[PDB]
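Written below as structure tokens is the structure these notes are about.
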Amino acid sequence: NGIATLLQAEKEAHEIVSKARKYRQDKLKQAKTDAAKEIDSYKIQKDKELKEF
Amino acid sequence: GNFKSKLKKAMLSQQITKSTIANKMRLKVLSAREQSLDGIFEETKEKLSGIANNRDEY
């Protein structure tokens, strides 16, 4: 059926959207690591000042 | 933890800097007595040569 094929394409689009949504979660996880690095960098900078003192 | 370890390392390296300075100054005092001791024997060696050169009490 032609309509059923279009529904399968919609399911593929939903799967693509689901993959994109999963990729967004992976992208958020990648951005989460960068955010943690910035927090660690501030602590490292404070520790470096203590070492200099 | 790295900062705490570095602080402990700096604190530990602070005592060693005072310990090494203390040992060097304490060994300078000890070497002063040995230098004063060697002066006695150096003076004694000169006096011993005098006894040999008498040729009458020798």
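Annotations for the structure displayed:
- The alpha carbon radius of gyration of the protein assembly as shown, expressed as a multiple of 2.2 N^0.38 Å, is 3.17.
- Nearest-0.05 FRET efficiency for A:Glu52 and B:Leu30, computed from C-beta distance (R0 35 Å): 0.35
- In a DSSP loop and with at most 16 other Cβ atoms within 10 Å, the GluC sites (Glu not before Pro) in chain B are B:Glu57.
- Listed pairs A:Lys46/B:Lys8; A:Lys22/A:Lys43; A:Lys29/A:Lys51; A:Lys37/B:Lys9; A:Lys11/A:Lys32; A:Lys51/B:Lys28 exceeding 22 Å between Cα atoms: A:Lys22/A:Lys43; A:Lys29/A:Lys51; A:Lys37/B:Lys9; A:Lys11/A:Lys32; A:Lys51/B:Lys28
- In the protein assembly as shown, helices alone account for a calculated mean residue ellipticity at 222 nm of -35000 deg cm²/dmol, with every DSSP H run of four or more residues adding -39,500 (n - 2.57).
- Within chain B, the trypsin sites (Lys or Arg not before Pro) that combine a DSSP coil assignment with at most 16 other C-beta atoms in a 10 angstrom radius are B:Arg55.
When we count neighbours, we look across all protein chains shown, and the Cβ atoms used for this are built from the backbone with ideal geometry, even at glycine. Read-outs throughout are calculated quantities, based only on the coordinates presented, and are distinct from any laboratory measurement.
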